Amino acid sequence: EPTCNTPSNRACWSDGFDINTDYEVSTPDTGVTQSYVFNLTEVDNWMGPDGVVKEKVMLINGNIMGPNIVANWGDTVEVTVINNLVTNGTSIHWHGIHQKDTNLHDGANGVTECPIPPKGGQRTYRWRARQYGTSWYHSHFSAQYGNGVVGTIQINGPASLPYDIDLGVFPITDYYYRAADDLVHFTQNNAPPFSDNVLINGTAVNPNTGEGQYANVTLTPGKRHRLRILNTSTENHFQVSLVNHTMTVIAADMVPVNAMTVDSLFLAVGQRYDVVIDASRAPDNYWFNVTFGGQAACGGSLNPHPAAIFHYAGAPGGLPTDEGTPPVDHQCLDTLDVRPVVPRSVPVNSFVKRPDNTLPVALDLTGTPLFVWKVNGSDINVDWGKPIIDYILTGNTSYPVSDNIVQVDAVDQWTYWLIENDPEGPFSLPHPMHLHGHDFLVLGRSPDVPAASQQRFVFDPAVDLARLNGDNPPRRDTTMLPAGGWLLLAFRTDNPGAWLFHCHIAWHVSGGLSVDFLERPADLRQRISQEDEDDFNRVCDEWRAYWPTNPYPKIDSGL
């Protein structure tokens, strides 16, 4: 609970805690728990928000999205998940939530847990809210989140600008009429489809029939409004803009940044931006437009103009009349101009590229099926029935090759990772890379070029070392690997655990595009509570009993 957080002083939170606190090492002791139940059900012939009826969806508490999780900085969030699906296991991942010393609550099935079995299986997740901002949660059972197992998280806390009104969460997502497993199967041997529509805060209008509704945000004139934008898609990467207005960024993913005003923003899959919008224009109805850049390299939609309505309180109703002008083409790249309020500093002059710090991503067209993604020569394939945590708890170091384990033994040290985007393959795509358990620093990437250009770069020390930034670089949980190029990341090994690092395009991670950082495994085993161990074993026993009875095979990586 805050004691000095006001519109004119959003920097302030409580005694000892403000915007400048190092929230990665200091957390309020509130002693409060916010708890929730997620009852997952399987619904056939479900009428969606654009008038179209979908074959099958998978819903939490019967709605298009799960509960909006809301708690304060330092609270505990607790969620009992009850799996009432017909065949699928399930696992809920808290995306953005670092799970400091609570790896077994990460929700990564095959890594930190077995799937919760269907027909009534249950598990209670429990995690400390040690970071304030906007995050989201979703199934990690193959591509199940594409069926509806998805929701948002708002952990209140201080901010880097003053503002009057918190408008709350604003999820934007691709929307397909075809069910997730059908799309996985299709994307194994075909290039991915455009989306059927793009939902903004759960609604859109049908581009063909005119059924459905525009999302409608009411602005209070003369007021500063915080809007928490999310990209909860399975594949589409979005550019957003508000006709006749600017947006001032105050956080990126779950990291507060210094105020940065822009005309439009790129959101990769899984990215978030908290913005402040001043209602200082003529009182009217204004379009909020979703657009695509990068020449379809990171998605498109069969709805030519997805949009919502920003309405000035006290103005006429009806539709905006100004279509406005197209935003700048972001070429499927997030901005590296953001600067966190709480700084970090690392050296970059000393980096040397070596097999043990290099992650080559490659598309393999030679095997079955056609599209298999490999990192360091291997497509990930987890075993839902023998998670990496099982090996840790039984002292088994014989990890299978397909688990893509990258063991990182350094204790609380900065580690450096060069990810290479198939520079020598016939074709290369942008990928939204996401790290569990940590925010990373984005130290540099290959020069910014048009996404579909097929321009290729290999890291050259004689030109690229000088292009890296170790002085308070963008710090967050998801960033873009450039088509045909490279990305250099760093994170500190402060959190023992098995942590996935993976492309967040569902079809890609389904296709193998992941590794698993095994951070400080010796330290990890010592830190697992008897409570966490017993319950991990309980779920695994139930999953292992269930699986032989399942009528469908596993046909992808499991993630």
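Residue indices: 1-based, along the sequence shown.
Just going by the entry, 158-166 versus 279-287 on mean CA temperature factor gives the higher value to 279-287. Higher mean CA temperature factor, per the PDB entry, when comparing 64-72 with 498-506: 64-72. Residues shown: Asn469, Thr124, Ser233, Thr90. Highest C-alpha temperature factor in the entry: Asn469. For the set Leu489, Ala108, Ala315, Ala483, the PDB entry assigns the largest Cα B-factor to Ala315. When the CA B factors of the chain's modelled residues are split into thirds, the value for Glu542 lands in the lowest one. When the modelled residues of the chain are ordered by their C-alpha B factor, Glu424 lands in the highest third. Annotation for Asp516: C-alpha temperature factor in the lowest third relative to the rest of the modelled chain, per the entry. In the PDB entry, a CA B factor belonging to the lowest third of its chain's modelled residues is recorded for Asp334. Split the chain's modelled residues into thirds by C-alpha temperature factor. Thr261 is in the highest one.
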